[PDB]
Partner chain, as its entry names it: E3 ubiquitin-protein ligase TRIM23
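The chain below stands alone and is given in structure tokens; this is the form solved without its partner chain.
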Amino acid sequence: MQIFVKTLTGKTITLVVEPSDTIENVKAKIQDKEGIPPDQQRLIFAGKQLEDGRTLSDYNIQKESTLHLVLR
């Protein structure tokens, strides 16, 4: 399973993930890729604000889903 995270500059991050991965896990991956602090990261999928403790599956994030790093 793979998901795409678009940075604030529109750069695409490709991540290998599992359905039970938490948002917090995803943030750790983004930090490895881009050097962005987890506490600086705010993610959206389908207009939903994503919380650290919830899983990709909780938010119906599927194979090939695209998340955005946002300011708000």
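Residue numbers count along the first chain shown, from 1.
- Look at the mean CA B-factor for 6-14 and for 48-56 in the entry; the higher one is 6-14.
- Checked against the record, the higher mean CA B factor of 57-65 and 20-28 lies with 57-65.
Missing here is the form deposited with its partner chain bound; even so, the following discussion is about that form.
- Counting a residue when any of its non-hydrogen atoms is within 4.5 Å of its partner chain in the entry with it bound, the hits in 23-40 run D32, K33, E34, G35, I36, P37, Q40.
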